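Chemist: Here it is: the structure, laid out below.
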Amino acid sequence: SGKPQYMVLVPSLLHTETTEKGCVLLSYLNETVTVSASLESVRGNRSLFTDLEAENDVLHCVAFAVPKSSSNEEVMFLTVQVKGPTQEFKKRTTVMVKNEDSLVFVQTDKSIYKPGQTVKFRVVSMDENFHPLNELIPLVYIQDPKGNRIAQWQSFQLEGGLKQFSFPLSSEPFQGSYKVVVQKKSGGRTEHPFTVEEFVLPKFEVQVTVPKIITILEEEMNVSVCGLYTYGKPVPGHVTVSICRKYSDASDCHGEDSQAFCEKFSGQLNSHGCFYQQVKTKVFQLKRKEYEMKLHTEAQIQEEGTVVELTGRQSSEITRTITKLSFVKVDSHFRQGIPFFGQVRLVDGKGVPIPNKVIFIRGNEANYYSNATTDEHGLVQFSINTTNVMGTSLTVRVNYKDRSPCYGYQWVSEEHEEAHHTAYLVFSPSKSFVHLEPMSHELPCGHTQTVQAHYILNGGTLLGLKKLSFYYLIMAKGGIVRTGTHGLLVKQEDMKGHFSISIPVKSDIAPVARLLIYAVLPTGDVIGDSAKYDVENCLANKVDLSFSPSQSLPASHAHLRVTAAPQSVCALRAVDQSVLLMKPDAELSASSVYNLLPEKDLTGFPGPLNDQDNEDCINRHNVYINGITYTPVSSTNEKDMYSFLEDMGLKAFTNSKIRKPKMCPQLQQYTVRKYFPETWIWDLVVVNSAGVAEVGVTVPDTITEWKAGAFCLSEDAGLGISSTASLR
Amino acid sequence: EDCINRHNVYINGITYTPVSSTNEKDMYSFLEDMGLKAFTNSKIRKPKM
Amino acid sequence: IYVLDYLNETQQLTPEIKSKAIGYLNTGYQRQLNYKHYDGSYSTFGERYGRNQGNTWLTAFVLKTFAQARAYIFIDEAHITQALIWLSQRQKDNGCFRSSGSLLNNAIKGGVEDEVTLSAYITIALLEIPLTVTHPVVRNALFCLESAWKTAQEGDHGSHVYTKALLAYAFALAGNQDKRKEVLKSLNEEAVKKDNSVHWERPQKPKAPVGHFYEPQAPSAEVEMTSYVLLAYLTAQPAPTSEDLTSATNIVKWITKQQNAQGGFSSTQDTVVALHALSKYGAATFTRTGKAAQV
Amino acid sequence: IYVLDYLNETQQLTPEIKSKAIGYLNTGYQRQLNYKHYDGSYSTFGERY
Ligand SMILES: *[C@@H]1O[C@H](CO)[C@@H](O[C@@H]2O[C@H](CO)[C@@H](O[C@@H]3O[C@H](CO[C@H]4O[C@H](CO)[C@@H](O)[C@H](O)[C@@H]4O)[C@@H](O)[C@H](O)[C@@H]3O)[C@H](O)[C@H]2NC(C)=O)[C@H](O)[C@H]1NC(C)=O
Ligand SMILES: *[C@@H]1O[C@H](CO)[C@@H](O[C@@H]2O[C@H](CO)[C@@H](O)[C@H](O)[C@H]2NC(C)=O)[C@H](O)[C@H]1NC(C)=O
Ligand SMILES: *[C@@H]1O[C@H](CO)[C@@H](O)[C@H](O)[C@H]1NC(C)=O
Ligand SMILES: *[C@@H]1O[C@H](CO)[C@@H](O)[C@H](O)[C@H]1NC(C)=O
Ligand SMILES: *[C@@H]1O[C@H](CO)[C@@H](O)[C@H](O)[C@H]1NC(C)=O
Ligand SMILES: *[C@@H]1O[C@H](CO)[C@@H](O)[C@H](O)[C@H]1NC(C)=O
Ligand SMILES: *[C@@H]1O[C@H](CO)[C@@H](O)[C@H](O)[C@H]1NC(C)=O
């Protein structure tokens, strides 16, 4: 006999003129009751009333569509009403809004222009759902170097998901880069710089080796360089490579020496081949007292007398530690009703685990203190049995910490990197808790993980019911994507952990991946446990460049082919990678797209709204305890399920026991036909049902690499951001 | 040599709470207020963990 | 601000007393803005440490003061809406507004320490704020009101002054006519109107005596209760009647017979609520320009 | 106040930036009124002596 318990995964950010999702559920006896989620403004009134009806074990999680709102920012009630036959329940909240924006990027034709040229440029439009987006813009302009609007077009009907215009540049070179800015009707300005410069290219560049990380025990370092020219051609030449220590001992505020030791290194490189050089540290003074370390290089040539330079590793900084170890699979939560365990990766210095380094696993306030050593990967898989205090620190260290390896340090410090953690067990008074075992590693895509999670019934079932099921989740995107469930009948008093779940990672999933699973009791008790999963960006909509290779018959009939659908358009970009070779790129990637994403994670809560308050503390709470033991009623601070809600950013509404009954304190207180370069093609394109059947203007002997930007947009599916490829 | 140490504060249920002391004389005292002693298998001293 | 309301409704006012009063108004407002919360409460608080709290009854008072501020001067609606979300957060699982004690001195609060009474006062204040009689907040409030109402009616005793006064006030502003004629009957039976003598109280000895000498912590609410009920009494949207308004005039006579005129009183609660009474009664009893007549 | 003059003369202004600016205006004004003199000056003063 179970009281109807109901629980909802419903995000507390209501948007404007879009669609997102939230989930719901019920159980326990009787399901012939209606529920109703009435989203209403906290001030005024904006009617968005959701009535719902279903049965138990039915979490129908569907994407809602929100219309536009009135104001800029405000929170809004959501009274959910639960009508028992013996009782009546309701609960409201404050669902907060967020002024959203379409998302943008401008695609730069080049970064070098001469007097009289014309810049070509594209844009992006998109929302949280990465279906392509068509919108007006009241505000566009390129900018001068002095802060002056340039290239305006007002409230334009972008139909293709992104418009590209051009702007004619001056025959009066006012030298400097430029900028664009944009805002929509709401008027939020956003900007996209782009280098626009000019000078003759140094026709080659230097490519050099160096140690990556630097640390304490250091005597000699490496250098190696090879000659280069256009098309990847070899070169002989000469060098004079000043490489220096800095930050002389003085106050060096221009009254004194600021340049510390300089060390120049010269040599010669063969015609075809390379040349090596070796350098040291003591002559540079790897001194304990210094500021950062700059490591720059240079090369001169033969038969014309020209130099090319590289500035490398401007702060090869030695650590105030010596190792580079860390955790790999480290948790913050556990229970005394579970012996938890994990793994740690030892690495020293540069990024190298070497075996044969015995160490000490040190669990304080666990009464657990074991040793281990380094495998070939320096990995150790500790394990802790646990019937110990609420919160505890965790550390595993090679060097003994009686006295702080370097003997006290009442002065400057230097130690082994000590991988330290503090985890707090989970509050579970029944101890029938929900446990999961995340696989925290290099996460793959196109897979389905066998995460073994464990289900504990301490106290078991007394009157209750037999049939039991749980609802695990397959979610990403900073929202709610996909879900599942597991069903397992209950014995009286068995609490086995032997359970695994399938969690596919195939498609429409972002780098963000957190889930939950939970379990409800009819005694007025429910239990849930979430975990985050460091998913990398595996593309959702397929985009994969493929090109007419280095190919003779350089006629225009050279059919590059990127994959795209029968239902899409695509933003195509032939471009020579010349200045973008001269300096490296600038996140010209969907990485930029993903970090562009506002509130990519549905986590957090603004300052003003805090939480809904409840009444749980006891009025007269003194010891009142006798029998085999005598003990006060003091406290404990630990995580709640309420805290899992505030973690996830979703809210929920139940008549059950979640918010722990924390007591309340007293007030007693503390002729050749050459063709134009660097753009064979510039045009949005409609993919046929077989990708892009291409005939793009091609030419031989352009001894150049040719990035191919192609970024497609499907209505039936969504966006598309391909990796470009060089053409030759 | 008796001990009832539980590492945690270690009270389950509605409240989590540590151990603590009492202030009251025991049957083991009721020889001390006699002043005499004895040796026993019964359980007379308080369970001081 | 409430005497500014008074004088602006009396038709007696000058631009110079106006000027100085605006100065003091802005001064009090900015001083209060110094005392604003991270979350939107108001209290005597050591904030900028996340483990601190606000206040309930105090925050009812600041909300009504901001109401009058909007009624005269500039004031941010984001702040009042912040206060009201904090109100919503401060309610129970299913009950109504508890009493989160973090105050310096409890002398100022004229109440029976009951969450339901706190809820009643804040919710009728919010009834002055523009929203419906069926808002979820006023709705749960009304639930608490009805519970208190039954406990008071069929109970022989209900604190005999305070809870019943605020309840008559609340259900009066809800839209209840004849039930408030009923509480009128109950209270006029619990009256000391005399044919040839003016006075208004019972023998004044409390049931739960604290101190027993001078009645510490108890303002006694002598004119305060009668003023509350009279405030409820005057109100009728289209037009109040003749019986209610003439009885209102004569009890205004009796209460001004029971009030003084030195300027200010021994407290602030009975003061501000008597000021409410005088202001709106003067606005109601007469016009502002009709000044020529031979009766 | 001088940027309020600026925006009120630019024709660029909004009622919300206006609202907040009025708040800060009144705040600075009342804070200055705290710092008024017996005689009508203004300074960093230890007056009432
Ligand atoms: C910490 O990590 C270490 C890495 O393996 C572990 O070191 C082990 O320490 C034990 C200590 O006994 C070594 O055992 C050996 O036993 C033989 C036989 O001696 C016997 O008599 C002596 C003296 O009474 C007694 O101490 C021994 O237990 C034996 O009963 C001796 O000849 C050796 O000198 C040494 O004592 C292990 O060989 C050693 N393993 C190594 C060196 O790899 C250690 O187990 C870890 N911590 C723990 C759990 O102890
Ligand atoms: C409460 O909500 C109603 C309904 O939205 C508001 O009444 C108007 O309703 C129309 C649609 O029929 C909306 O387009 C208007 O924006 C609403 N305002 C107008 C013009 O009256 C009502 O105003 C709201 N009351 C508030 C804000 O408290
Ligand atoms: C509630 O559950 C009981 C059985 O315990 C059932 O008899 C009753 O019909 C249920 N309520 C409704 C509206 O069905
Ligand atoms: C190290 O230095 C030598 C000579 O400078 C060179 O041959 C070698 O390639 C450099 N790098 C490594 C990893 O040995
Ligand atoms: C962990 O070790 C303890 C003894 O310290 C033992 O009682 C417990 O069963 C162990 N846990 C498991 C299940 O291995
Ligand atoms: C003063 O009274 C007049 C009516 O005589 C009213 O219109 C005005 O709003 C009042 N002044 C206020 C409330 O600032
Ligand atoms: C703002 O400008 C208008 C003219 O456009 C002027 O009349 C008004 O006085 C200005 N606002 C001020 C000074 O408060």
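Numbers in chain C track Swiss-Prot; the residues on display, in order, are 984-1278.
Cβ atoms are placed via backbone N, Cα and C, with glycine included.
Residues annotated as N-linked glycosylation site in Swiss-Prot: C:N991. According to Swiss-Prot, the feature disulfide bond maps to C:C1079-C:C1127.
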Chemist: What whole-number Å value do you get for the CA-CA distance of C:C1127 (disulfide bond) and the residue listed as 'N-linked glycosylation site'?
Modeler: 36
Chemist: Among all the protein chains here, how many other CB atoms are within 10 A of the CB of C:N991 (N-linked glycosylation site)?
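Modeler: C:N991 (N-linked glycosylation site) is surrounded by 15 other Cβ atoms within 10 Å.
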Chemist: In sequence order, which residues at least six apart in the same chain have a CB under 8 Å from the CB of C:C1079 (disulfide bond)?
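Modeler: Long-range Cβ contacts: C:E1098, C:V1099, C:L1101, C:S1102, C:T1106, C:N1123, C:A1124, C:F1126, C:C1127.
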Chemist: Helix, strand or coil: which one is C:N991 (N-linked glycosylation site) in, per DSSP?
Modeler: helix
Chemist: Is C:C1079 (disulfide bond) helix, strand or coil when read with DSSP?
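Modeler: Looking at the DSSP assignment, C:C1079 (disulfide bond) belongs to neither helix nor strand, so coil.
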Chemist: Test of understanding: give the count of other CB atoms lying within 10 angstroms of the CB of C:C1127 (disulfide bond).
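Modeler: 23, counting other Cβ atoms within 10 Å of C:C1127 (disulfide bond).
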